[PDB]
Amino acid sequence: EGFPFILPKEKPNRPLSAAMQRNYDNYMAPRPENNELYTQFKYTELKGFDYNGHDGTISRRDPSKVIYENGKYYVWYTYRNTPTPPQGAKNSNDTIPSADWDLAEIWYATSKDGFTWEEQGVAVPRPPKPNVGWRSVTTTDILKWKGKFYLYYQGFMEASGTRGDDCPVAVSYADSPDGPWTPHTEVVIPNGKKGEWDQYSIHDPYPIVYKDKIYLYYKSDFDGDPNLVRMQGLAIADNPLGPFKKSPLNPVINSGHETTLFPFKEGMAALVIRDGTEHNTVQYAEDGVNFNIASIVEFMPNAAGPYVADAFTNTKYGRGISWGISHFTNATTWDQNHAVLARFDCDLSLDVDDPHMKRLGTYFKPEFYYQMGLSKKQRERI
Amino acid sequence: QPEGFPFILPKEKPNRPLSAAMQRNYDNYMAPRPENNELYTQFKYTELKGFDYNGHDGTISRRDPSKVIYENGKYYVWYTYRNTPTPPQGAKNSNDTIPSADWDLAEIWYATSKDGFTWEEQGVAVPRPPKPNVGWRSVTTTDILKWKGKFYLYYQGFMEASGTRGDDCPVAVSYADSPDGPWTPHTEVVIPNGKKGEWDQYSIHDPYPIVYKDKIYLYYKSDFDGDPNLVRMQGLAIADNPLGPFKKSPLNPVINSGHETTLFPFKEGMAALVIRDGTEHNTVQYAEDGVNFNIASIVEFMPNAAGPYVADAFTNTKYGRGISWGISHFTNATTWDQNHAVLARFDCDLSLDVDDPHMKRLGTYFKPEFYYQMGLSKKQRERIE
Ligand SMILES: O[C@H]1[C@H]2OC[C@@H]1O[C@H](O)[C@H]2O
Ligand SMILES: [Ca+2]
Ligand SMILES: [Ca+2]
Ligand SMILES: [Ca+2]
Ligand SMILES: [Ca+2]
């Protein structure tokens, strides 16, 4: 009569509470150990990147997916090297950046093992004014299509923060992952119309080959009262230079920030990080459009660029991920504002089985918790 | 080119085609954003003043606080209190004086405070009865109930040292006319174990009562399964009388995750902190009826084994207010060879009567060196290639 002591692998045929029904109906397994989309994340400090003594003049952030070509791993990222660290839009000009990603280029690095990288230099330079991206080219991601390579990126036309963090998405292309990279110059993912959620920002472009097409996911900042809202959308294309057609169901993900996705089984998995009600989840859509919570996780990577071996193969059954590159922002202090690249490792893979990536949390000593203390105003409130 | 979702986030679900995730954003939560979600919060921690732990050498441990209550112009809290010649040594090395585990050879002590930051430790509330009475080995993991002007503490009573054969710890109740005690033990079964083969057959842990729907709704946790690991879920049992016996919900488990139970009335329903383990760890959940719980928010750095101050815990409220502070614990506060736990204070906004945007940021983030401490093992590096 009572619920069994041995946890059933399949939903028992008995009256069940709403929470028990959900444990079976909503997740790939009724326990974390067998949930292929539950994981912990481990972090490794990269070697190979110089940040000018971390004085805020050099930043690297928002890595592309990692790919493997020419016997090595490649990664692209936002690279800012300015004499002055970021000063905010009001105090920016042609040489002083507004935000960490202002006045930036796309650079690239290679690696034999994903732990030590060698910086190769510029991939996408800033185009001349007034072309899309002249102010800053940022937040790129990579697609391979019919033997050629495409870097989609945010293309700033005014310093970030002038009205908001505003831009459309542009693209460059190459015959080799070593470049050189030719700009498409036209906008490829446009802003929405007046009054639409994506009218000011198309951020974090992230393409995956799926269902014979290019599924490119992005984020947009909207609302503003009381605060900005961030959600994620989708646009789909038959050719890498477009036309991209936005899903009529955007936003497809109701939380998160920077997009990170990968083919998984017949569907698409997504990391849903930092913001929104469903922050700190991995999510899954059977069709790449209708996303559900697949797991609840902690210490997620920021702006992950995983190694997705099956990102471009038009796979009919995605295997998932186990490592990549991510970032940490404001690595020192705000007056020397800059980001660093980092490595993460996890098990969101059908081809990796490591119970030591599947513990339920990471815990700390009391002193750590006391640092998340009450302010002066809070203690005064009582 | 399709007509787009609007720039201003609507307060109610708009009448337009929506993705499954946008539908859920409106359908499943109390609000379509964290700022207006009364069950979303952060947690802030404050070091308590008043408790000595023998220089943190592991001989003294305090853990599993009760709900905090207000009586006689002051705040009371009860907790597990261990004071032994040696720290815990494991099941194999335990004896009459040597504890096997942090909660072994312990009693229920209590403390009082004018403010909830400095505590005056009053001493024993529930002593270990003489063997072979329920709890002779250790009395632990208590929670408080006020019922028709009297007080009741529910607690685990160990029958042998944790980790040795015969270490059952059934729930016992003691009662008093004053929160100061003295406390009289009741020596009847309060919440029975499940029948053989059932999820709660060996364990009724972390008892936690709330007055609700004219009755006592007592939530607890059970350890079950075991292969590959134990599974923890939470159940409900209800009584007409504080002495019990309590009758189990036929829908147990009512919460599919979590660990130690912590709950509070909220609106016409009941909210719960779902901590550490299970698929739905790190959530606040809500049940309109106290039985059918849904995820209300996802949160981080949740308190362990929280005992909130729940002003309306006992008043049979028809609309609960929620919580904003209480006591919780930290385990293995120093090192394992000196194993002990400490009591801490937590503050939050899970309250209809508190509105603090500085309790409602979406995360707490650190410098790179913090994350590099969560690195790979040599074994993982070798595997990875
Ligand atoms: O424009 C934004 C985009 O790239 C830089 C800015 O912040 C994040 O990492 C991304 O959402
Ligand atoms: Ca990105
Ligand atoms: Ca796996
Ligand atoms: Ca408790
Ligand atoms: Ca509130």
Side-chain angles (χ1 to χ4, degrees), chain A residues 17-23 25-27 254-255 272 275-281 283 292-293 295-298, chain B residues 11-13 21-43 208 210 212 217 219 233-234 236 253-303 306 308 310 312 317 319-324 326 346 348-357 359-363:
Chain A
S17 69
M20 289 316 302
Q21 293 181 50
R22 188 171 62 249
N23 197 55
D25 290 342
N26 285 34
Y27 307 113
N254 70 31
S255 300
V272 182
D275 298 313
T277 292
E278 304 180 356
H279 64 358
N280 295 300
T281 56
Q283 295 201 18
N292 284 117
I293 295 169
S295 72
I296 295 165
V297 295
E298 69 186 19
Chain B
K11 283 161 175 65
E12 322 302 329
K13 182 166 68 169
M22 188 55 88
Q23 292 176 47
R24 177 177 67 252
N25 194 56
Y26 282 93
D27 297 343
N28 281 30
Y29 311 107
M30 289 177 182
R33 70 194 301 166
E35 301 97 338
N36 302 329
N37 182 358
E38 292 283 11
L39 299 177
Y40 177 69
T41 196
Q42 300 176 282
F43 297 97
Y208 191 101
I210 292 290
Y212 181 60
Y217 273 56
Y219 296 89
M233 292 197 182
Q234 307 177 340
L236 164 62
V254 297
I255 287 170
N256 68 33
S257 301
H259 208 111
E260 299 93 342
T261 43
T262 303
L263 298 92
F264 51 90
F266 194 77
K267 307 178 49 151
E268 312 222 341
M270 190 78 70
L273 303 189
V274 183
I275 74 173
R276 301 214 305 285
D277 301 310
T279 291
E280 301 183 358
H281 71 347
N282 297 300
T283 56
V284 182
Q285 301 203 10
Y286 176 84
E288 197 176 1
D289 59 8
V291 181
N292 291 114
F293 286 88
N294 289 114
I295 297 164
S297 71
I298 299 166
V299 295
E300 65 180 25
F301 296 121
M302 295 196 78
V310 188
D312 49 2
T317 184
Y319 205 81
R321 303 317 284 189
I323 64 163
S324 74
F346 80 82
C348 66
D349 173 20
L350 292 168
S351 173
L352 287 188
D353 296 313
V354 178
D355 192 351
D356 186 3
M359 282 301 178
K360 295 220 178 192
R361 292 342 265 122
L362 272 287

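Here is the naming used below: chain letters follow the sequence lines, and residue numbers restart at 1 for every chain. Hydrogens, waters and symmetry mates are skipped; everything else that's a heavy atom, side chains included, is used.
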Partner residues of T283(B) under the side chain to side chain donor-acceptor pair (under 3.5 Å) criterion, sequence neighbours left out: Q285(B)
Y219(B) side chain vs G290(B) backbone, donor-acceptor pair below 3.5 Å: yes
Nearest atoms (heavy-atom pairs only) where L352(B) meets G320(B): CD1-O, 3.7 Å
Over all atoms of both residues, closest heavy-atom pair of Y286(B) and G269(B): OH-N, 3.1 Å
Validation row: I323(B), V310(B) side chains within 4.5 angstrom (heavy atoms): yes
Side-chain heavy atoms of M302(B) within contact of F43(B), under 4.5 Å: yes
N256(B): partners by side-chain contact (heavy atoms from CB on, under 4.5 Å), with sequence neighbours left out: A19(A), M20(A), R22(A), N23(A), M233(B), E280(B)
Residue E35(B) excluded, over 12 heavy atoms near CD under 6.0 Å: yes
Minimum side-chain heavy-atom gap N26(A)-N292(A) below 4.5 Å: no
Non-hydrogen atoms of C348(B) and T41(B) that approach each other most closely: CB-OG1, 3.4 Å
Geometric class of the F264(B)/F266(B) ring pair [parallel <30°, tilted 30-60°, perpendicular >60°]: perpendicular
Residues which pass ring-ring contact (aromatic ring centres under 6.0 Å, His included) with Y40(B), listed by chain and number, not counting sequence neighbours: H279(A)
Set of side chain to side chain donor-acceptor pair (under 3.5 Å) partners for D27(B), sequence neighbours left out: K13(B)
From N280(A) atom CG to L362(B) atom CG, the distance as rounded to the nearest 0.5 Å: 9.0 Å
Under the side chain to side chain donor-acceptor pair (under 3.5 Å) test, residues paired with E298(A) that sit two or more places apart: none
Test item: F293(B) and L263(B) side chains (from C-beta on) under 4.5 Å apart, heavy atoms: yes
Atom pair OG (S351(B)) and CG (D356(B)), whose distance is rounded to the nearest 0.5 Å: 11.0 Å
Atom of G276(A), atom of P34(B) and distance for their closest heavy-atom approach: C-CG, 3.7 Å
Nearest atoms (heavy-atom pairs only) where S17(A) meets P253(B): OG-O, 2.7 Å
Straight-line distance of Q234(B) CD to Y208(B) OH, nearest 0.5 Å: 11.0 Å
Heavy atoms of other groups near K360(B) NZ, more than 12 under 6.0 Å: yes
Reported OG1-to-NZ distance for the pair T317(B) and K267(B), which is rounded to 0.5 angstrom: 12.5 Å
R321(B) with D312(B): basic N within carboxylate O range, under 4.0 Å: no
Closest approach of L273(B) to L350(B) (non-hydrogen atoms, all atoms of both residues): CD2-CD1, 3.9 Å
Side chain to side chain donor-acceptor pair (under 3.5 Å) partners of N37(B), counting only residues at least two apart: none
From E38(B) atom CD to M30(B) atom CE, the distance as rounded to the nearest 0.5 Å: 9.0 Å
